[PDB]
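What follows is one chain in structure tokens, specifically the form deposited in one PDB entry.
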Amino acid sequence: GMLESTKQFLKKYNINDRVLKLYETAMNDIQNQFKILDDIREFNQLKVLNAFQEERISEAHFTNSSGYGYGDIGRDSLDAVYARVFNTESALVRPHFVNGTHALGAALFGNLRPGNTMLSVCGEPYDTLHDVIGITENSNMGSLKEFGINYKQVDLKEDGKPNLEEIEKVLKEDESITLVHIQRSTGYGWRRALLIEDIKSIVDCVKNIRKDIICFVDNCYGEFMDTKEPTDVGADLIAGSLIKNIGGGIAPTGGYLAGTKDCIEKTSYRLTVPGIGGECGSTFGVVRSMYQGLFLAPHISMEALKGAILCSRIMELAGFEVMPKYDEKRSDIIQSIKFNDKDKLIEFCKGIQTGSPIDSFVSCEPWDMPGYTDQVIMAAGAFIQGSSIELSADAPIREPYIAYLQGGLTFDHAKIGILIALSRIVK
């Protein structure tokens, strides 16, 4: 078990016996869940490895392109590797995407035209996607609604599963709907994340009514959570962020997209412009960090998930409501905790920040973040700015006072942050 040197070192951070004993109890109760993740990870490592070996990757693929970047073998082979990993025709892996929202927004504006209608089957989508769609306060910024692209919505059932009966009615009753949006990660809510098994039901259901409907899945945080991905259950196009899971903590920035050749090309013309698409775009000498990041993604993703499981159990034992539980199948690295107390929520976040490698001394304060309606606090003591694959904790300041912990480059680091944070709220 934990060495006596380690115990004594933790005392410097004021990690009391209550928290340390509470940690050891949690660590025992969650050991069986860990071995299920390792044999999943094993497949994913071989899945990525195979993708490299088929595309015939070499030292020559770590390009330092400049200008237009015509004939960039590193950039093109990286797209091909992603296509093989997600088992899709094409893929658009680029550092030019400022964040995950840009990648998601690119897919929508790329695959939607004036007259077409959109349909989010998992209720209100990620809060930063509202202005892109133009659901609420529609300013003259150039949203989907402002370009004649309509938006309908169907919420999930009370239990959390997708309301298939209602999805069929809406599609049948509105033939203009050409794209169906499927958010995988729960986001800032209180429900369990949709499994691959849950996505297959939504895809089979909508594809049965009309086969030409595009199934777009917001795949952030769900990378390598299961042996299969949404693209392996009929998903026409997915999208995500390189500073999260798939980047493995190495990827400096960017986003990715994987799907049918037509869906990816249409998305590339939004990223750039019609006629160019993905033809131009230098990699800024960071292509190797993206390759190596993908290779470590299956491993790093599970380290953060293990920290998420530990967090769930230790916090439950402490007496706080947790979502998801330690023994439930997880479709993402996010671990939400409901404190029902504002003091405890901020102290917990400040504790995660203080247990980080970068900007430890910096104190977390609710920040008026872009895209989010309410003022959201975040604990982002990371090498790469705002990475959620690295240990981090954020929460919108609103009742119920729910904190959202995720990440951990190594399980040991994630673990330490949890002990430091928990000690700061319970003496």
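Throughout, we count residues from 1 along the sequence that is shown. The term rigid core refers to the most C-alpha atoms you can superpose between the two forms while keeping them within 1.5 Å.
ask   = Do the C-alpha atoms of 44-52 or of 366-374 have the higher average B factor in the entry?
value = On average, C-alpha B-factors are higher across 366-374.
ask   = Per the entry, where is the mean C-alpha temperature factor higher: 186-194 or 312-320?
value = Between 186-194 and 312-320, it is 186-194.
inquiry  = Lowest, middle or highest third: which one holds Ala26 when the chain's residues are ordered by CA B-factor from the entry?
reply    = Ranked within chain, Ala26 CA B lands in the middle tercile.
ask   = Which third of the chain holds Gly160 when residues are ordered by C-alpha B factor: lowest, middle or highest?
value = Within its chain, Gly160 is a highest-third residue by C-alpha B-factor, going by the deposited values.
query = Which third, lowest, middle or highest, does the CA B-factor of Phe86 fall in along this chain?
reply = According to the entry, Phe86 has a C-alpha B-factor in the chain's middle third.
inquiry  = Could you place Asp236 in the lowest, middle or highest third of its chain by Cα temperature factor, using the values in the record?
reply    = For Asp236, whose C-alpha B-factor we compare with every modelled residue in the chain, the answer is the lowest third.
inquiry  = Can you tell me whether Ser139 has a C-alpha B-factor in the lowest, middle or highest third compared with the other modelled residues of the same chain?
reply    = Tercile = highest for this residue's CA B-factor.
This next part talks about the form deposited in another entry, which is not shown.
inquiry  = At a threshold of 2 angstroms on the CA positions, core aligned, which residue out of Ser58, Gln375, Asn28, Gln385 shifts between this form and the one not shown?
reply    = So the only displaced C-alpha belongs to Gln375.
inquiry  = If I superpose the two forms on their rigid core, does the C-alpha of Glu365 end up displaced by 2 Å or more between this form and the one not shown?
reply    = Yes, because once the rigid core is superposed, the C-alpha of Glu365 moves 2 Å or more between this form and the one not shown.
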